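Novice: Before anything else, here's the structure in question.
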Amino acid sequence: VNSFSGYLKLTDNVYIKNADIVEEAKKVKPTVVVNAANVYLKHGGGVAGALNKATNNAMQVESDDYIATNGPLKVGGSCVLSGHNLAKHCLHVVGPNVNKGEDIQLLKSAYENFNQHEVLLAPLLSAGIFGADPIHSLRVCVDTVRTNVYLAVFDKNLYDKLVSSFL
């Protein structure tokens, strides 16, 4: 048993809810919250900007030190950093940004990072402002992630569309 509440069960391991991932993280304090990161860990908007704002910019300070030491992530890659006030850990995962021209095939590689963690609170990778079709992102998630993932869909109207269309 875990502390996640009000999720619809899609599969053996994937759960979904219409929720603000920031508010969900603040309530649950999960072991791992996933950030929809870019390779520079520049947390400007979407899930990254919202998560970073909720940490009072401490996520960005930590991230800048990480990049100064290690250089940029790969598209499809990840790093584990602090979860600050939101979670034990933040898994920063880089899905491909369609609005920058990146290979959508890299979305499966991005979701494979989730399999290194038994339980995660996460957004749909490459959806929202990263420009991918969220229906596609949910299908790749279900077909790739084998660990237990609690998906926070921000957009109420999209949540209803994802549930209704789910195969």
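Following the order of the structure tokens, chains are lettered A, B, ..., residues in each are numbered from 1, and ligands are numbered from 1.
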Can you pull out the residues contacting residue 153 of chain A? Cut-off 12 Å, using only C-alpha atoms, and skip same-chain residues under 5 positions away; I want them as a VMD selection string.
Specialist: chain A and resid 7 to 8 15 to 24 46 to 47 121 to 125 127 to 128 134 to 135 137 to 138 158 to 163
Novice: Output the selection as a CSV table (one decimal), in the first residue's frame - N, CA, C and O atoms for each residue.
Specialist:
chain,number,residue,atom,x,y,z
A,7,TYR,N,-6.6,8.0,-7.9
A,7,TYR,CA,-6.1,7.7,-9.2
A,7,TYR,C,-7.0,6.6,-9.9
A,7,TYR,O,-7.4,5.6,-9.2
A,8,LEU,N,-7.2,6.7,-11.2
A,8,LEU,CA,-7.8,5.7,-12.0
A,8,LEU,C,-6.7,4.7,-12.4
A,8,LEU,O,-5.6,5.1,-12.7
A,15,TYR,N,-1.2,4.3,-13.2
A,15,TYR,CA,-2.3,5.0,-12.6
A,15,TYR,C,-2.4,6.4,-13.1
A,15,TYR,O,-1.3,7.0,-13.4
A,16,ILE,N,-3.5,7.1,-13.2
A,16,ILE,CA,-3.6,8.4,-13.8
A,16,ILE,C,-4.6,9.2,-12.9
A,16,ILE,O,-5.7,8.7,-12.5
A,17,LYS,N,-4.4,10.5,-12.9
A,17,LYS,CA,-5.3,11.5,-12.1
A,17,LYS,C,-5.2,12.9,-12.7
A,17,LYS,O,-4.1,13.3,-13.2
A,18,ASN,N,-6.3,13.6,-12.8
A,18,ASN,CA,-6.3,15.0,-13.1
A,18,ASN,C,-5.8,15.8,-11.9
A,18,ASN,O,-6.5,15.9,-10.9
A,19,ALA,N,-4.5,16.2,-11.9
A,19,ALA,CA,-3.9,16.9,-10.8
A,19,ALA,C,-2.8,17.7,-11.2
A,19,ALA,O,-2.2,17.5,-12.3
A,20,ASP,N,-2.6,18.8,-10.4
A,20,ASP,CA,-1.4,19.6,-10.4
A,20,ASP,C,-0.3,18.9,-9.7
A,20,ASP,O,-0.3,18.6,-8.5
A,21,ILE,N,0.8,18.5,-10.5
A,21,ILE,CA,1.9,17.7,-10.0
A,21,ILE,C,2.6,18.3,-8.8
A,21,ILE,O,3.0,17.7,-7.9
A,22,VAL,N,2.6,19.7,-8.8
A,22,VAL,CA,3.2,20.4,-7.6
A,22,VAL,C,2.4,20.2,-6.4
A,22,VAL,O,2.9,19.8,-5.3
A,23,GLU,N,1.0,20.3,-6.5
A,23,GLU,CA,0.1,20.1,-5.3
A,23,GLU,C,0.1,18.6,-4.9
A,23,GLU,O,0.1,18.4,-3.7
A,24,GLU,N,0.2,17.7,-5.9
A,24,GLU,CA,0.3,16.3,-5.6
A,24,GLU,C,1.6,16.0,-4.8
A,24,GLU,O,1.6,15.2,-3.8
A,46,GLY,N,6.1,25.0,-17.8
A,46,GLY,CA,5.5,23.6,-17.7
A,46,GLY,C,5.8,23.1,-16.3
A,46,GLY,O,5.8,23.8,-15.3
A,47,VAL,N,5.9,21.7,-16.3
A,47,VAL,CA,6.2,21.0,-15.0
A,47,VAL,C,7.5,21.6,-14.4
A,47,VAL,O,7.6,21.8,-13.2
A,121,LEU,N,5.9,9.5,-9.0
A,121,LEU,CA,4.9,10.5,-9.4
A,121,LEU,C,5.4,11.2,-10.6
A,121,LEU,O,6.6,11.7,-10.5
A,122,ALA,N,4.7,11.3,-11.7
A,122,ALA,CA,5.3,11.8,-13.0
A,122,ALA,C,4.3,12.5,-13.8
A,122,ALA,O,3.1,12.2,-13.8
A,123,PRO,N,4.7,13.4,-14.8
A,123,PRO,CA,3.9,13.9,-15.8
A,123,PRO,C,4.1,13.0,-17.1
A,123,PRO,O,5.0,12.2,-17.1
A,124,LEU,N,3.2,13.2,-18.0
A,124,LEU,CA,3.4,12.7,-19.4
A,124,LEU,C,4.5,13.3,-20.1
A,124,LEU,O,4.5,14.5,-20.4
A,125,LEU,N,5.6,12.5,-20.4
A,125,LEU,CA,6.8,13.1,-21.0
A,125,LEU,C,6.4,13.5,-22.4
A,125,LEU,O,5.7,12.9,-23.1
A,127,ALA,N,4.7,15.7,-23.7
A,127,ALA,CA,3.3,16.3,-23.9
A,127,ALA,C,3.4,17.8,-23.4
A,127,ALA,O,4.4,18.3,-23.1
A,128,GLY,N,2.2,18.4,-23.4
A,128,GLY,CA,2.1,19.9,-23.1
A,128,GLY,C,3.0,20.7,-24.0
A,128,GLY,O,3.1,20.4,-25.2
A,134,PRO,N,-0.2,13.8,-26.4
A,134,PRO,CA,-0.3,13.2,-25.1
A,134,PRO,C,-0.9,11.8,-25.1
A,134,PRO,O,-0.5,11.0,-24.3
A,135,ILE,N,-1.8,11.5,-26.1
A,135,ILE,CA,-2.3,10.1,-26.2
A,135,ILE,C,-1.2,9.2,-26.5
A,135,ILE,O,-1.1,8.1,-26.0
A,137,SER,N,2.1,9.7,-25.8
A,137,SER,CA,2.9,9.7,-24.6
A,137,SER,C,2.4,8.7,-23.6
A,137,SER,O,3.2,7.9,-23.1
A,138,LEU,N,1.1,8.7,-23.4
A,138,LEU,CA,0.5,7.7,-22.4
A,138,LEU,C,0.7,6.3,-23.0
A,138,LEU,O,1.0,5.4,-22.2
A,158,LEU,N,-7.9,17.4,-21.1
A,158,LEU,CA,-7.0,16.4,-21.6
A,158,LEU,C,-7.2,15.1,-20.8
A,158,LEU,O,-7.1,14.0,-21.5
A,159,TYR,N,-7.2,15.2,-19.5
A,159,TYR,CA,-7.4,14.0,-18.7
A,159,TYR,C,-8.6,13.2,-19.2
A,159,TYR,O,-8.5,12.0,-19.4
A,160,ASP,N,-9.7,13.8,-19.4
A,160,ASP,CA,-10.9,13.1,-19.8
A,160,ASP,C,-10.7,12.5,-21.1
A,160,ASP,O,-11.1,11.4,-21.4
A,161,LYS,N,-10.1,13.2,-22.0
A,161,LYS,CA,-9.8,12.7,-23.4
A,161,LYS,C,-8.8,11.5,-23.3
A,161,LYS,O,-9.0,10.5,-24.0
A,162,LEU,N,-7.8,11.5,-22.4
A,162,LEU,CA,-6.9,10.4,-22.3
A,162,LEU,C,-7.6,9.1,-21.7
A,162,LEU,O,-7.3,8.0,-22.2
A,163,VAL,N,-8.4,9.3,-20.7
A,163,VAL,CA,-9.2,8.2,-20.1
A,163,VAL,C,-10.1,7.6,-21.2
A,163,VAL,O,-10.1,6.4,-21.4
Novice: Using only C-alpha atoms, pick whichever of A:14, A:61, A:28, A:140 has the shortest atom-to-atom distance to residue 88 of chain A.
Specialist: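 With only C-alpha atoms as the atom set, the closest residue is A:28.
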Novice: Return the single residue from A:3, A:132, A:40, A:86 that is closest to residue 71 of chain A, with distances computed using only C-alpha atoms.
Specialist: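 Under the stated criterion, the closest residue is A:40.
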Novice: Name the residues of chain A that fall into strand (DSSP E or B) according to DSSP on the backbone, using the chain letters and numbers of this document, as number ranges by chain.
Specialist: A: 8-9, 14-18, 32-36, 78-82, 89-93, 119-122, 148-153
Novice: Go ahead and write the residues just picked, C-alpha atoms, as an mmCIF file, in the first residue's frame.
Specialist:
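As a result, selection21.cif now contains:
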data_model
loop_
_atom_site.group_PDB
_atom_site.id
_atom_site.type_symbol
_atom_site.label_atom_id
_atom_site.label_comp_id
_atom_site.auth_asym_id
_atom_site.auth_seq_id
_atom_site.Cartn_x
_atom_site.Cartn_y
_atom_site.Cartn_z
ATOM 1 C CA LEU A 8 -7.794 5.679 -11.989
ATOM 2 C CA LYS A 9 -5.976 2.375 -12.567
ATOM 3 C CA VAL A 14 0.102 2.642 -14.364
ATOM 4 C CA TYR A 15 -2.318 4.999 -12.590
ATOM 5 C CA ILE A 16 -3.641 8.424 -13.751
ATOM 6 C CA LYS A 17 -5.304 11.456 -12.140
ATOM 7 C CA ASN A 18 -6.287 15.041 -13.129
ATOM 8 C CA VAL A 32 10.505 10.253 -6.581
ATOM 9 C CA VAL A 33 8.857 13.084 -8.484
ATOM 10 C CA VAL A 34 9.715 13.215 -12.198
ATOM 11 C CA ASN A 35 10.540 16.574 -13.792
ATOM 12 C CA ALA A 36 9.927 17.204 -17.488
ATOM 13 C CA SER A 78 17.988 11.619 -16.880
ATOM 14 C CA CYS A 79 19.685 12.463 -13.609
ATOM 15 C CA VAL A 80 18.637 12.090 -9.989
ATOM 16 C CA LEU A 81 18.835 15.251 -7.863
ATOM 17 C CA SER A 82 17.187 16.417 -4.672
ATOM 18 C CA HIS A 89 14.372 12.785 -5.015
ATOM 19 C CA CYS A 90 13.629 14.462 -8.343
ATOM 20 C CA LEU A 91 14.272 12.373 -11.432
ATOM 21 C CA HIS A 92 14.911 14.949 -14.188
ATOM 22 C CA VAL A 93 13.972 13.190 -17.449
ATOM 23 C CA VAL A 119 7.398 4.053 -7.520
ATOM 24 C CA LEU A 120 7.187 7.508 -9.182
ATOM 25 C CA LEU A 121 4.885 10.528 -9.389
ATOM 26 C CA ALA A 122 5.285 11.784 -13.001
ATOM 27 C CA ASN A 148 4.573 1.743 -10.512
ATOM 28 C CA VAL A 149 3.863 5.155 -12.017
ATOM 29 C CA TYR A 150 1.277 7.688 -10.818
ATOM 30 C CA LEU A 151 0.633 10.131 -13.702
ATOM 31 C CA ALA A 152 -0.483 13.666 -12.937
ATOM 32 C CA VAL A 153 -2.336 15.135 -15.958
#
Novice: If we count only C-alpha atoms, what is near residue 102 of chain A at a cut-off of 10 Å, once residues fewer than 6 positions away on the same chain are taken out, given as an MDAnalysis selection string?
Specialist: chainID A and resid 75 95:96 130
Novice: What is the atom CA of residue 11 of chain A-atom CA of residue 38 of chain A distance in Å, reported with one decimal?
Specialist: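 Atom CA of residue 38 of chain A lies at a distance of 28.4 Å from atom CA of residue 11 of chain A.
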Novice: Choose the residue, out of A:117, A:67, A:131, A:112, that has the smallest atom-to-atom separation from residue 100 of chain A; count only C-alpha atoms.
Specialist: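 The shortest atom-to-atom distance to residue 100 of chain A comes from A:131.
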Novice: Counting only C-alpha atoms, what is within 10 Å of residue 43 of chain A, bar same-chain residues fewer than 6 positions away, as a list in words?
Specialist: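 Close residues of residue 43 of chain A: residues 35, 36, 37, 49, 50, 51, 52, 53, 57, 59, 60 and 63 of chain A.
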Novice: Let's have the selection written as a PDB file, in the first residue's frame, with N, CA and C atoms.
Specialist:
ATOM      1  N   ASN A  35      10.581  15.280 -13.101  1.00  0.00           N
ATOM      2  CA  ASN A  35      10.540  16.574 -13.792  1.00  0.00           C
ATOM      3  C   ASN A  35      10.626  16.360 -15.277  1.00  0.00           C
ATOM      4  N   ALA A  36       9.828  17.091 -16.020  1.00  0.00           N
ATOM      5  CA  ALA A  36       9.927  17.204 -17.488  1.00  0.00           C
ATOM      6  C   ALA A  36      11.017  18.204 -17.837  1.00  0.00           C
ATOM      7  N   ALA A  37      12.255  17.715 -17.768  1.00  0.00           N
ATOM      8  CA  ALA A  37      13.442  18.548 -17.914  1.00  0.00           C
ATOM      9  C   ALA A  37      13.830  18.735 -19.364  1.00  0.00           C
ATOM     10  N   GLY A  49       9.156  24.518 -14.669  1.00  0.00           N
ATOM     11  CA  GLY A  49       9.048  25.867 -14.096  1.00  0.00           C
ATOM     12  C   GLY A  49       8.179  25.830 -12.862  1.00  0.00           C
ATOM     13  N   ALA A  50       7.093  25.072 -12.953  1.00  0.00           N
ATOM     14  CA  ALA A  50       6.192  24.996 -11.788  1.00  0.00           C
ATOM     15  C   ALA A  50       6.885  24.305 -10.610  1.00  0.00           C
ATOM     16  N   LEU A  51       7.549  23.170 -10.865  1.00  0.00           N
ATOM     17  CA  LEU A  51       8.274  22.472  -9.754  1.00  0.00           C
ATOM     18  C   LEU A  51       9.348  23.407  -9.192  1.00  0.00           C
ATOM     19  N   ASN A  52      10.107  24.033 -10.081  1.00  0.00           N
ATOM     20  CA  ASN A  52      11.214  24.882  -9.616  1.00  0.00           C
ATOM     21  C   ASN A  52      10.663  26.037  -8.759  1.00  0.00           C
ATOM     22  N   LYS A  53       9.578  26.669  -9.214  1.00  0.00           N
ATOM     23  CA  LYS A  53       8.976  27.782  -8.473  1.00  0.00           C
ATOM     24  C   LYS A  53       8.594  27.292  -7.071  1.00  0.00           C
ATOM     25  N   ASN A  57      13.235  28.261  -6.225  1.00  0.00           N
ATOM     26  CA  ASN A  57      14.427  28.311  -7.105  1.00  0.00           C
ATOM     27  C   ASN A  57      15.573  27.420  -6.582  1.00  0.00           C
ATOM     28  N   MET A  59      15.740  24.217  -6.748  1.00  0.00           N
ATOM     29  CA  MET A  59      15.958  23.217  -7.818  1.00  0.00           C
ATOM     30  C   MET A  59      16.884  23.791  -8.898  1.00  0.00           C
ATOM     31  N   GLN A  60      16.667  25.026  -9.321  1.00  0.00           N
ATOM     32  CA  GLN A  60      17.507  25.648 -10.365  1.00  0.00           C
ATOM     33  C   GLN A  60      18.944  25.849  -9.876  1.00  0.00           C
ATOM     34  N   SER A  63      20.570  22.516  -9.937  1.00  0.00           N
ATOM     35  CA  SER A  63      20.702  22.089 -11.329  1.00  0.00           C
ATOM     36  C   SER A  63      21.867  22.792 -12.027  1.00  0.00           C
TER      37      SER A  63
END
Novice: Write out as a PyMOL selection string which residues come within 9 Å of residue 85 of chain A when counting only C-alpha atoms, dropping same-chain ones fewer than 3 positions away.
Specialist: chain A and resi 25-26+29+54-55+82+88
